[PDB]
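Chemist: Handing you a structure now.
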Ligand SMILES: O=C(O)c1csc(-c2ccccc2O)n1
Ligand SMILES: O=C(O)c1csc(-c2ccccc2O)n1
Ligand SMILES: [Fe+3]
Ligand SMILES: [K+]
Ligand SMILES: [K+]
Ligand SMILES: [K+]
Ligand SMILES: [K+]
Ligand SMILES: [K+]
Ligand SMILES: [K+]
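Residue numbers (my numbering): 1 to 674.
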């Protein structure tokens with residue numbers, strides 16, 4: 001069947017650090033040179049080589065277009081992509097939303113971590129968090145035919161001890177069935193003052209390989225428990241400048257904070273080839289997410305480095321269902337080949353989320369905080385009441401027209417997207433809001449291959465975000481606005497020299513934003529207009545020398561505000577320049593030895609809409625090494641990764657707050673295949 005390849009895992013590219021292709025949502029997997037989008041897919045090889053544990057670890061080290069807000073000391077990572085914030089809750093799982101750990105995705109069970117840059121509502125529907133900067137997609141591990149019995153042990157500053165089992169088996173006639181299990185247990189003191197972390201994780205990738213039938217089921221369990229929670233530093237009404245970043249080992253937030261975050265999910269997927277030119281597919285999954293924390297956000301007071309920590313307890317019970325069904329077919333109209341996809345999806349979520357802010361405790365950026373009182377938060381004990389219900393569902397039809405022996409490709413699609421949410425007050429249980437909307441959202445793209453190894457492309461595509469509720473201060477307080485429609489135009493070029501590829505892209509993304517005006521009326525009358533250029537090179541351009549290099553330049557314009565002080569200024573939290581350079585070098589002179597280095601750069605950015613508060617540019621250097629050897633006939637690999645090797649301390653800017661950098665962090669690991 002022609003559509004039977006939609007879920008086929010893309011081959012690794014030269015060097016094995018990235019893959020040749022990635023998911024285009026409802027369209028399934030596309031080769032990089034057939035994709036009229038900027039897509040990058042990082043491999044398990046890279047994940048294991050750099051000892052990346054989370055999406056954030058991997059993406060900020062390697063990708064010129066992804067920067068992380070929060071960080072591994074915090075309970076939550078978020079990602080900025082093409083000048084827009086992308087929630088970790090909007091990370092996709094084989095294209096499906098709502099099924100991965102809500103605050104921080106671990107990737108030690110991942111075969112691929114893909115980045116599709118820019119919005120993609122036509123391809124995937126709306127994301128639960130409304131993100132539009134890009135879609136990160138995780139592809140889970142599957143069992144290969146040759147059995148895998150892999151064990152590794154690892155140490156990470158200051159005392160985190162870990163073990164990782166990666167076991168794969170196939171069985172049944174013709175290895176029709178596969179089982180891949182990943183188990184991680186990592187526990188101990190982190191690199192940050194007075195912080196410890198416990199991390200159990202279990203995953204099973206199950207699949208069935210049949211003549212006209214393909215099935216899979218993914219089960220995931222994970223918990224992250226932190227003693228000590230790093231949190232944002234907020235700007236105050238009279239902040240005049242951003243103080244110099246403290247030592248990243250210092251922890252200036254709530255000393256006796258804690259996080260207990262548990263997620264588990266199951267997702268079953270299938271395809272069935274009804275004919276040579278018709279394939280049915282369906283997915284159904286669910287996720288439970290349990291959230292418990294007491295922590296404090298730091299607020300600048302004065303400008304000498306004093307802070308006040310604002311304490312809170314938060315509790316969450318989130319229950320998500322996420323499903324898709326559809327058909328993929330193909331036919332011809334003369335010289336046109338049609339490859340069409342009809343897809344429908346549905347996400348349904350029930351959330352209980354209670355919180356109480358109590359306590360304001362003085363501190364200082366440059367002092368690890370002392371033990372301070374924890375307020376009585378017992379009124380949140382017991383059952384967590386329902387506070388929100390979300391229902392997203394859509395139907396999409398897309399057609400890829402192939403002309404002139406597939407050297408010209410035109411893709412058209414439209415999706416009808418339904419959005420519905422209901423909110424209930426955490427104390428009274430009163431129904432505070434019921435938002436219900438539908439929107440149509442289209443795409444158009446064209447790709448031309450003048451050379452076999454040169455692809456030129458353009459796309460138009462939209463992003464969708466649920467409208468915001470007006471703050472309980474404005475004239476229309478509580479009213480939640482119409483959905484925000486972001487719009488992207490992109491053009492680019494991709495050139496595949498065989499062992500390495502160079503890409504270029506120019507994009508614009510326009511998105512409405514909401515502010516309270518002079519009439520204290522909350523309206524969606526603002527607009528952000530991000531215009532950017534992206535360049536990258538990746539591959540193995542010399543034998544035994546792999547290179548991933550990229551840079552981006554963006555003008556992130558607040559091109560419509562209700563304010564002259566901010567009109568035309570830069571969106572906060574969006575550096576105009578970012579670049580990454582990674583080199584991995586198989587030394588010709590030591591057998592089995594590989595040396596890695598990375599340089600991450602982020603230019604100056606602002607925290608405020610008026611741009612009166614700039615944060616400096618920053619640089620991070622990583623050093624790595626891998627040593628492959630044999631003992632008793634079995635392969636072993638010893639690894640070392642030194643993140644932030646120079647021990648630089650820096651702020652990452654966001655809109656209204658800053659996240660402190662993670663300190664210099666060595667991890668060491670030994671892996672054996674039995
Ligand atoms: O209710 C909350 O969780 C809440 C209110 S402001 C806030 C906040 C504001 C800036 C940065 C991080 C934050 O967590 N958080
Ligand atoms: O989105 C947010 O505002 C958010 C996410 S965790 C969080 C938080 C967690 C512990 C204490 C205070 C907080 O504000 N806040
Ligand atoms: Fe918060
Ligand atoms: K991390
Ligand atoms: K996690
Ligand atoms: K999306
Ligand atoms: K390991
Ligand atoms: K942080
Ligand atoms: K760092």
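Note that beta-carbon positions come from the ideal geometry of N, C-alpha and C, so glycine has one too.
Assign residue 476 to one of three DSSP states: helix, strand, or coil.
Modeler: Coil.
Chemist: Taking 8 Å as the threshold (C-beta atoms), are residue 263 and residue 101 in contact?
Modeler: Against a cut-off of 8 Å, the Cβ pair of residue 263 and residue 101 comes out as a contact.
Chemist: To the nearest angstrom, how far is it from the Cα of residue 20 to the Cα of residue 439?
Modeler: So the alpha carbons of these two residues sit roughly 34 Å apart.
Chemist: Three or more C-beta pairs under 8 Å: does that hold for the stretch 297-306 against the stretch 329-341?
Modeler: No, they do not touch.
Chemist: With DSSP run on the structure shown, which of helix, strand or coil describes residue 55?
Modeler: DSSP places residue 55 in helix when its eight states are reduced to three.
Chemist: Under 8 Å between the Cβ atoms of residue 677 and residue 274?
Modeler: In the structure displayed, the chain extends from 1 to 674; residue 677 sits before or after that span and is not available.
Chemist: So who's on the other strand from residue 459, going by DSSP bridges?
Modeler: Residue 459 pairs with 445, 490.
Chemist: For the alpha helix (DSSP H) that contains residue 576, what are its first and last residues?
Modeler: Where residue 576 is concerned, there is no enclosing alpha helix (DSSP H), given that its DSSP letter is neither H nor E.
Chemist: In the DSSP assignment, find the unbroken alpha helix (DSSP H) run with residue 47 in it and report its ends.
Modeler: 44-50 is the span of the alpha helix (DSSP H), which, as asked, contains residue 47.
Chemist: On the DSSP bridge assignment, give the partners of residue 390 in chain order.
Modeler: BP columns for residue 390 point to 349, 421.
Chemist: In three-state terms, what does DSSP make of residue 285?
Modeler: Residue 285: strand per DSSP, three-state reduction.
Chemist: Assess contact between the stretch 69-83 and the stretch 106-114, defined as three or more Cβ pairs (one per stretch) separated by less than 8 Å. Is contact present?
Modeler: No, the stretch 69-83 is not in contact with the stretch 106-114.
Chemist: What's the C-alpha gap between residue 606 and residue 579?
Modeler: Going from the Cα of residue 606 to the Cα of residue 579 covers about 18 Å.
Chemist: Can you pull the DSSP bridge partners for residue 222?
Modeler: Beta-bridge pairing links residue 222 to 201, 263.
Chemist: At a cut-off of 7 Å, would you count residue 226 as near ligand 1, judging by its Cβ distance to the nearest heavy atom?
Modeler: For ligand 1, not one heavy atom lies less than 7 Å from the Cβ of residue 226.
Chemist: Helix, strand or coil for residue 405? Go by DSSP, reduced to three states.
Modeler: Coil at residue 405, not helix or strand.
Chemist: Short check: CB of residue 63 to CB of residue 104, under 8 Å?
Modeler: Their beta carbons are not under 8 Å apart, which means residue 63 does not touch residue 104 by this criterion.
Chemist: Grouping DSSP H, G and I as helix and E and B as strand, with all else coil, what is residue 559?
Modeler: Strand, per DSSP.
Chemist: Indicate the three-state DSSP secondary structure (helix, strand or coil) for residue 638 in the structure shown.
Modeler: Three-state DSSP puts residue 638 in a strand.
Chemist: Tell me which same chain residues have a C-beta within less than 7 Å of the C-beta of residue 566, skipping the five on either side of it?
Modeler: Excluding sequence neighbours, residue 566 sits near 558, 609, 610.
Chemist: For residue 364, verify whether its CB is less than 7 Å away from any heavy atom of ligand 3.
Modeler: Not so, every heavy atom of ligand 3 lies at least 7 Å from the Cβ.
Chemist: Consult DSSP for residue 25 and reduce its assignment to one of helix, strand or coil.
Modeler: DSSP places residue 25 in helix when its eight states are reduced to three.
Chemist: Relative to the C-alpha of residue 197, which residue among 232, 236, 306, 156 is closest?
Modeler: The candidate whose alpha carbon is nearest that of residue 197 is 156.
Chemist: Please go through the stretch 265-338 and give each complete beta strand (DSSP E) segment of 3 or more residues, from N-terminal end onward.
Modeler: Entirely contained in the stretch 265-338, the beta strand (DSSP E) runs reaching 3 residues are, in chain order, 278-300, 306-333.
Chemist: Counting Cβ pairs closer than 8 Å, one from the stretch 140-155 and one from the stretch 444-452, do we hit at least three?
Modeler: With the cut-off at 8 Å, the stretch 140-155 and the stretch 444-452 do not touch.
Chemist: Where does residue 685 fall in DSSP's three states?
Modeler: Lying before the first or after the last residue shown, residue 685 is absent from the chain, which here runs from 1 to 674.
Chemist: According to DSSP, what are the bridge partners of residue 516?
Modeler: In DSSP, residue 516 forms a bridge with 522.
Chemist: If residue 25 sits next to residue 123, beta carbons under 8 Å apart, how far is it from one beta carbon to the other, in whole angstroms?
Modeler: Rounded, the Cβ-Cβ distance is 3 Å, consistent with contact.
Chemist: Listed by chain order, which residues have C-beta atoms less than 6 Å from any heavy atom of ligand 9?
Modeler: Here the list is 620, 644, 661, 662.
Chemist: For residue 207 and residue 215, what's the separation of their Cα atoms in angstroms?
Modeler: Their Cα atoms are separated by approximately 5 Å.
Chemist: Just curious, the alpha helix (DSSP H) that residue 694 is in, first and last residue?
Modeler: The structure shown has nothing for residue 694, since the chain only spans 1 to 674.
Chemist: Go ahead and pull the three-state DSSP assignment for residue 87.
Modeler: In this structure, residue 87 counts as strand in the three-state DSSP scheme.
Chemist: Using 8 Å as the threshold, is the C-beta distance between residue 489 and residue 507 below it?
Modeler: In contact: residue 489 and residue 507 (Cβ atoms closer than 8 Å).
Chemist: Compute the Euclidean distance between the alpha carbons of residue 67 and residue 60, then round it to the nearest angstrom.
Modeler: Whole-angstrom Cα-Cα distance: 5 Å.
Chemist: Report yes or no: do three or more beta-carbon pairs, one from the stretch 37-44 and one from the stretch 621-635, lie closer than 8 Å?
Modeler: The stretch 37-44, when compared against the stretch 621-635, does not touch it at the 8 Å Cβ threshold.
Chemist: With DSSP as the reference, label residue 497 as helix, strand or coil.
Modeler: Three-state DSSP puts residue 497 in coil, outside helix and strand.
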